[PDB]
Amino acid sequence: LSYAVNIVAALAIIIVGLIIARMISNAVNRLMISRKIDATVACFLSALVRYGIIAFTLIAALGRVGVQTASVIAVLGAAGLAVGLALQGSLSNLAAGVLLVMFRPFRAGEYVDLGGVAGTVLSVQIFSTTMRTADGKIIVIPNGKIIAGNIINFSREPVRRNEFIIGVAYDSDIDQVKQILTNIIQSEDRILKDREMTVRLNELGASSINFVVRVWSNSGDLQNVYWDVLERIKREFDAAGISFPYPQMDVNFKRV
Amino acid sequence: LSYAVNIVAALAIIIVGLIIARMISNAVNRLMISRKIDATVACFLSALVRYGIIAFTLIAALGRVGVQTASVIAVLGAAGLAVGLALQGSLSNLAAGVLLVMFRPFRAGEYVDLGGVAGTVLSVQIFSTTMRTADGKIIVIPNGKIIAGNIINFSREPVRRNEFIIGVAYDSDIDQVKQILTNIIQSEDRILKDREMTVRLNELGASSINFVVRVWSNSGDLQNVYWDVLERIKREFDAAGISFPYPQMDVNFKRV
Amino acid sequence: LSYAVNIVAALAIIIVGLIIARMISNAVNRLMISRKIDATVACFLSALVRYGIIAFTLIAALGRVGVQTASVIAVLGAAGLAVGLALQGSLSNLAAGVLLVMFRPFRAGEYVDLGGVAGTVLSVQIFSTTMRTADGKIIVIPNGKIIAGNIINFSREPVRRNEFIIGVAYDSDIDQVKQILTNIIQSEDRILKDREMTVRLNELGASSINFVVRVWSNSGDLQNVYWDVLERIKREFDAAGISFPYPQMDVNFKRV
Amino acid sequence: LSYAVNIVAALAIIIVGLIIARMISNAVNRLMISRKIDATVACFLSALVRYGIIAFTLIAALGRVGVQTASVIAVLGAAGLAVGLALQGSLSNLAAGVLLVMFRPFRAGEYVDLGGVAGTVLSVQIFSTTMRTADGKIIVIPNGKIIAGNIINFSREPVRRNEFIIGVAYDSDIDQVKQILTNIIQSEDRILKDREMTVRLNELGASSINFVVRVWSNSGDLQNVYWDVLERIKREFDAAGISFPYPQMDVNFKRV
Amino acid sequence: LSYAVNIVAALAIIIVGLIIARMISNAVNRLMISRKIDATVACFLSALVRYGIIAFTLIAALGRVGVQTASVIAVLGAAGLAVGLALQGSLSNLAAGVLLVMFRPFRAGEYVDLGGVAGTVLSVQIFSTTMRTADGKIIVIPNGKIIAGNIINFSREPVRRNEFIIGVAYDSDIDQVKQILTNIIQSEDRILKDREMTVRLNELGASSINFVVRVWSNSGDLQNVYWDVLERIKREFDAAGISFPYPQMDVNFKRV
Amino acid sequence: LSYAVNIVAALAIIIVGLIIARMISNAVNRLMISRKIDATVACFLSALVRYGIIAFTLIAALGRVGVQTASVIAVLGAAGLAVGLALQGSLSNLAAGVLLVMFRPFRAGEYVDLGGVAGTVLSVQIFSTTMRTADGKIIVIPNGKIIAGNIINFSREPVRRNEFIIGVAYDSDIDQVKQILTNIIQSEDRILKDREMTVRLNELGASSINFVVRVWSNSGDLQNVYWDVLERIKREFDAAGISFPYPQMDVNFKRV
Amino acid sequence: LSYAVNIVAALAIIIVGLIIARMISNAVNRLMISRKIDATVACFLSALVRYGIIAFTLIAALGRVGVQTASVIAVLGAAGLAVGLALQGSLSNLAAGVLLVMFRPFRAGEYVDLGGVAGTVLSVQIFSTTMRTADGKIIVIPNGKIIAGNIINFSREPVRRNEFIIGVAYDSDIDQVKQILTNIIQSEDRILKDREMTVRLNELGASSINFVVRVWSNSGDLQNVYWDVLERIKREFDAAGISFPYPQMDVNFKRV
């Protein structure tokens with residue numbers, strides 16, 4: 025049984041191969057990380073060399089025990105394929121992960137709308153991103169989904185814009201409405217005066233003349249500025265005699 | 025018929041091969057489980073070695089009965105392919121399974137929305153997850169579907185937020201409304217006072233002035249806090265003389 | 025024409041091959057069925073060995089009539105491929121079939137919603153499942169579709185939950201409403217008293233105060249409990265002086 | 025030019041091959057049809073042998089005119105591929121065809137809904153099914169589309185169920201309504217008395233109390249039973265003093 | 025440079041090959057057309073032989089100038105592939121074309137609905153079908169789209185069916201309505217009397233009793249019959265004292 | 025280093041190959057263009073010969089520097105594949121381009137609806153088509169999208185058809201309405217009198233009798249004819265005493 | 025161990041190969057950039073040569089350490105494939121990037137609608153485009169998505185068109201309305217007089233006669249022209265006695 029020496033040689037090749045593979049791959053992503061590339065891309069690109077070299081080792085090692093070479097390419101091909109399928113979704117998500125962290129279209133702490141759902145971002149991880157809805161629900165979105173959809177970012181821009189739509193009665197003085205609104209926003213300090221300040225008659229409406237006011241503020245102020253300006257419009261308009269109309273209806277009577 | 029000895033040798037290779045395969049594979053996911061990896065990932069990765077080694081055995085075993093080698097790679101290729109299709113959906117679900125249990129974006133007992141449907145999670149199994157709708161229906165969702173959709177988790181966060189929208193009549197005192205609402209929530213112990221406590225005039229409405237109240241509570245209290253705070257608003261508002269308006273309409277008569 | 029003996033040898037191989045194939049395959053799913061596996065899975069896995077062995081037979085048999093071996097792998101490859109396409113949908117449905125019968129996410133006789141359509145399940149067959157809509161329509165759903173969609177099962181859970189929403193007039197006594205409702209459900213024997221019994225003011229509405237009542241019952245009772253508790257609420261509420269309001273409207277007259 | 029004899033030999037192979045192919049394939053689906061299988065599956069499976077055998081013939085025939093063998097597998101591969109694409113849709117429809125005729129989820133003459141569209145089935149053909157909409161339009165649906173969508177069959181079940189929803193005024197006698205309705209359906213012979221006979225107060229409505237009546241009849245009667253039972257309810261309810269209410273509205277006047 | 029004679033031989037093969045290819049192919053779809061098959065399927069199937077034979081020619085011709093054979097299969101493979109992609113949509117449409125003309129699910133001049141859009145068909149061409157919308161727009165729909173969607177054909181059936189829904193006031197005589205409607209349709213000659221003639225109380229409505237009338241006519245008459253029968257109902261109903269009701273409303277006054 | 029002469033020979037083959045390739049390809053689409061084919065199809069088909077011939081050159085040229093032949097097919101295969109992906113969308117659009125210009129389902133200057141968006145066509149280019157919305161927005165639609173969607177062409181047809189729907193009061197004289205409408209359209213010269221001229225009572229409506237008028241005009245006139253015929257109907261109807269009704273309502277009073 | 029000299033030779037080939045590759049590729053996209061092509065397409069096409077040449081190097085280098093050649097094509101094939109998947113989305117986006125910058129269907133600073141979302145474009149980068157919504161949100165859209173969807177460009181056209189729809193009461197003078205509107209737009213300087221100036225009665229409406237006015241202006245003026253022309257219509261119409269009607273209703277009384 026002197027052809028049962030090849031079995032021992034087969035092992036030798038595998039052990040030496042596993043080690044030689046483990047040490048090249050380590051010694052490759054040592055190189056990559058020392059340049060800059062990216063911790064994950066390194067590990068990934070690296071782990072391909074690793075699994076590649078032990079793929080060669082398996083071919084030659086089995087080959088000394090008469091395993092036909094072109095059957096190993098085939099079996100391993102299938103094996104890899106079966107893995108490939110089972111993972112993929114993952115692989116795709118893993119990649120989106122990188123992109124997101126290395127392009128920061130949103131960063132942790134920004135409020136964003138990731139395709140229908142919107143919340144404050146917490147953390148982007150391997151496959152999935154975590155946000156917290158204004159009200160306290162947690163949403164877990166797959167990195168893959170995120171990257172191939174629009175990213176609406178509420179917070180990256182430092183200055184943003186409220187739009188009020190105020191409806192007043194048809195018999196209201198057009199000039200008076202404009203002046204009161206203009207004088208409200210003129211006096212509000214939180215409204216940026218060097219940017220758009222639109223007060224205008226915008227829509228001849230169903231039962232109301234509709235005025236549009238649009239004014240810019242720092243991103244932080246936007247919410248409070250809206251509320252404060254509104255309370256204001258309501259108060260001033262009342263004290264000044266301008267009516268926010270209820271829904272109207274001309275009824276045309278007929279005794280029958 | 026001394027070339028009918030290869031038939032006997034063919035069998036020998038298959039039995040030896042089946043055993044040698046069965047004992048390597050066992051002895052591989054013995055190794056994996058002893059590290060940590062994950063019970064399922066082990067069995068899977070393992071069962072690939074297993075079916076791989078008996079794939080080699082079949083090639084060489086048939087090969088001694090003159091089965092052309094490159095016809096075995098082909099036939100088994102097809103066989104595997106036909107299986108592959110039939111399973112897949114499964115494979116994909118099997119993998120989602122792992123991910124879900126080894127990332128716990130939801131854990132058993134959390135209430136979650138898994139793409140349109142929402143219920144309390146019971147158990148994540150091989151291919152499919154089971155939840156119970158608040159009202160007692162059971163839903164079975166495929167692990168695959170779950171993992172590639174958004175996961176909304178109502179329960180992982182410990183503190184959450186009610187939003188009341190209360191509509192009062194236009195001639196109601198703005199300051200009075202704010203004070204009563206503020207004094208209701210101030211006194212409710214279950215409302216977390218160190219967090220958001222927004223009471224504000226939010227919308228000049230169709231037939232009502234609309235106030236928004238937003239207050240935070242422990243996740244457990246959220247439901248009862250809402251109900252209790254509502255009953256309250258209604259009672260106080262009535263006793264204090266503030267009117268929740270019916271839908272309005274100015275009618276403008278015309279005899280014809 | 026002594027090279028027209030190979031024609032005879034070709035036949036011999038086919039007949040011996042067909043038989044040798046027929047008896048291995050039979051003798052394999054004898055083994056599988058005797059373990060446990062699953063009648064269908066056996067027949068399938070078995071029928072692959074069968075068609076595999078006669079694939080080898082065809083290669084070697086044609087091969088003795090100078091059919092180049094690597095042209096048989098090719099032709100049969102195509103043949104298989106053309107079948108493969110034509111079937112698939114089937115194969116996919118066949119597999120869903122198995123899964124459904126060997127996981128019983130619904131069993132025959134349960135009422136279920138299988139992605140928009142809902143009915144009482146009759147029987148899960150090879151490719152397609154049959155249900156009967158409450159009203160007597162028959163629906164035939166492909167096993168494949170069913171398995172990759174949500175499965176809502178109304179019947180597997182033994183105890184389920186009605187939710188009433190009752191609207192009463194704004195000037196109705198909050199305490200009185202709660203008491204009558206509570207006293208209706210308290211007295212109904214079919215309502216499980218050891219589970220949720222929510223009677224509460226839920227919504228300040230358009231023209232009605234809306235109370236929510238939620239009470240649990242056995243799955244069988246759920247329908248009759250609802251109807252009986254409703255008739256009741258209506259009767260009691262009338263005799264007790266509580267008004268279910270018609271839609272309201274404040275109209276504000278103007279002679280013109 | 026003694027190597028221009030191979031040209032003649034090439035032809036010989038083709039003619040003998042075409043005939044040998046035509047006669048085997050005929051002689052195979054003679055076999056299949058005599059078992060049972062199914063006329064179409066026979067012709068199809070058969071026509072694969074046919075085109076397979078002439079594929080071998082083309083390889084060996086061209087091969088004697090120095091056409092490299094592994095170039096014929098390649099060219100014919102492409103040719104087959106180009107056909108394959110162009111057909112497919114057809115192949116898929118052809119297969120659905122079989123399935124539909126050999127499972128009769130609907131048969132000719134049944135009224136069915138095949139994914140949004142519904143009509144009386146006329147005939148299932150090779151690729152496409154023909155139905156006639158109640159009003160006389162003809163619809164042609166592809167067999168493929170049909171088989172991978174839900175099949176709603178109105179006609180296979182012999183007994184079916186009407187549901188009336190009747191709204192009466194709030195001040196109507198609950199007991200009186202139930203009795204009249206019950207006495208209408210009791211007396212209607214076409215209503216199956218040994219099955220469901222639900223008359224019940226179902227919904228406290230907008231401006232009406234809503235009663236639900238559900239009664240079973242033979243499939244043929246269902247339409248006429250509905251109409252006849254309705255005319256009846258209307259007549260009796262009028263003569264008995266029960267009011268079908270118009271839409272209601274409480275208006276709350278304000279001189280301004 | 026006696027190995028520069030192969031260059032000359034290479035050309036010879038190409039010219040002979042191009043001709044031998046051109047005259048086989050012509051001589052094949054001479055045969056096909058003489059059977060029956062179909063002009064296009066002929067040209068197509070033919071043009072595959074053509075491009076196939078010049079594929080062989082290119083292999084052997086380049087081969088005598090030392091172009092490695094298995095590099096020609098590869099390059100041409102790619103070339104074909106690149107074409108394949110660029111065309112396809114076309115190929116698919118081309119195939120639908122054939123099917124449509126050789127099954128006439130609609131013929132030129134029939135009015136049809138081809139998945140949302142409907143018009144009178146003008147002409148089915150290579151890739152695309154042209155219809156004219158009743159109002160004069162021209163629509164061009166791809167043959168491919170048409171064939172894989174439902175085909176609604178308004179015109180292939182010779183007799184079709186109008187449905188009138190007439191609403192009358194609740195206090196109208198049920199018997200009187202039926203008689204007038206029945207006497208209108210009885211007298212209209214264009215209504216086929218040997219088919220369905222349904223006049224019936226169909227819906228207890230919001231503010232109207234709704235009668236359904238359904239009557240069959242020749243396809244040509246359908247439009248005029250509807251209009252004429254309607255004018256009629258309106259006239260008769262008025263002269264007979266039956267009221268088509270305006271929308272109703274019970275208003276319940278409250279001085280405040 | 026006499027085996028460093030092959031390096032020099034490798035270059036020679038590349039230069040000669042690049043030139044031999046460049047001059048065949050030029051000399052091929054010289055031939056194509058001189059027939060008729062189509063400038064782009066020419067350039068395309070041509071540029072495949074070009075890249076093909078330099079593919080052969082690269083194989084043989086590298087081959088003399090011991091680059092294993094079957095590694096060049098592989099590397100170039102991958103290279104081509106990577107390009108293939110990155111382009112495709114383009115290739116697909118490029119092809120649609122051709123089709124659109126060589127079938128003119130719309131030509132520059134026609135108003136068309138290309139799947140939801142509609143505008144006047146400006147120019148069809150390589151990948152994308154440009155139209156101008158009636159109001160001045162520019163839309164750029166990918167050729168690929170266009171060709172696989174419906175093409176609605178408002179302009180190719182020379183005569184088109186307005187449809188008016190006019191609602192009059194129930195107590196209006198049916199005959200009088202028809203006559204006035206008929207006499208308006210009879211007198212309008214721009215209405216084509218040899219085509220459809222439908223004036224008819226079409227719908228018994230909510231609060232109006234609805235007449236439909238449909239009349240054909242040259243495509244140019246259609247817009248102005250509508251406006252002019254409308255102004256007319258309104259004027260005549262008023263002077264003639266026919267009332268366009270406001271929405272109606274029978275109110276049924278109840279003191280409470 | 026004189027066969028351990030091949031290890032040293034393997035390295036030599038790799039270093040020489042890496043350098044030879046790095047300097048060809050540099051020296052190719054030196055050439056490309058010097059023509060014109062496009063910085064990105066250069067780098068890409070170049071980087072394929074680069075990775076191609078080191079692919080050859082790896083085959084021959086490993087090959088001198090007995091790595092079977094046809095196993096390197098296989099392993100690297102897999103490696104490449106795994107990368108290919110992980111990237112792709114990127115590759116696709118990278119390509120769209122190019123196209124967008126090298127066709128400028130929108131340029132930085134134009135306001136555009138990129139499939140539902142619309143904003144002012146900031147910058148087109150490698151994979152993703154950045155726009156700023158009128159109100160200050162930032163949106164990040166993938167280049168790939170953009171290119172395969174419609175591109176609506178508000179800004180590339182220099183002159184655009186407002187459409188007013190003004191509703192006046194039925195008893196208003198048709199001629200008077202036209203004249204006032206016409207005289208408003210006639211006098212507005214910012215309205216381009218050499219283009220469309222449509223003032224016309226457009227819709228006989230529910231409770232209003234609806235006039236359409238359409239007038240063209242420079243793209244800059246469009247917004248202000250609208251607002252200014254509206255304020256105007258409202259003022260003039262009031263001073264001239266034309267009434268913008270409230271919603272109408274004929275009510276038909278019934279004492280009960």
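Residue numbers (PDB author numbering), protein chains in the order written: chain G, 25 to 280; chain F, 25 to 280; chain E, 25 to 280; chain D, 25 to 280; chain C, 25 to 280; chain B, 25 to 280; chain A, 25 to 280. Even for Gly, the Cβ is constructed at its ideal location relative to N, Cα and C.
From residue i to residue j, what does the alpha carbon distance come to, in whole angstroms?
i, j, result
"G143 (chain C)", "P129 (chain C)", "15 Å"
"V40 (chain A)", "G90 (chain A)", "19 Å"
"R88 (chain A)", "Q92 (chain B)", "13 Å"
"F261 (chain C)", "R256 (chain D)", "23 Å"
"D245 (chain C)", "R214 (chain C)", "7 Å"
"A34 (chain E)", "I77 (chain D)", "15 Å"
"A230 (chain E)", "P271 (chain F)", "7 Å"
"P269 (chain E)", "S232 (chain E)", "6 Å"
By the DSSP assignment, the beta strand (DSSP E) with residue i in it spans what residues?
i, result
"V192 (chain E)", "183 to 192"
Hey, is residue i's beta-carbon within less than 8 Å of any beta-carbon in chain D?
i, result
"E181 (chain C)", "yes"
"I43 (chain E)", "no"
Assuming residue i and residue j form a contact by the criterion Cβ under 8 Å, report the distance between their Cβ atoms to the nearest whole angstrom.
i, j, result
"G113 (chain D)", "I171 (chain C)", "7 Å"
"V192 (chain B)", "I209 (chain B)", "With 8 Å as the limit, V192 (chain B) and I209 (chain B) do not qualify as a contact, their Cβ atoms being about 16 Å apart."
Flag residue i as yes if its beta-carbon sits less than 8 Å from any beta-carbon of chain I, otherwise no.
i, result
"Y194 (chain D)", "Here the protein chains are G, F, E, D, C, B and A, and chain I is not one of them."
Can you confirm whether residue i, when its beta carbon is compared against all beta carbons of chain C, has any partner nearer than 8 Å?
i, result
"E212 (chain B)", "no"
"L35 (chain D)", "no"
Using a Cβ-Cβ distance cut-off of 8 Å, determine whether residue i contacts chain B.
i, result
"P166 (chain A)", "no"
Check the Cβ-Cβ distances between residue i and every residue of chain G, and say whether any is below 8 Å.
i, result
"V249 (chain A)", "no"
Are any of the Cβ atoms in chain F nearer than 8 Å to that of residue i?
i, result
"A51 (chain E)", "no"
"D274 (chain E)", "yes"
### Interfacial residues, the stretch 63 to 83 of chain G to chain A, with Cβ spacing under 7 Å
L72, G76, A79, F80, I83
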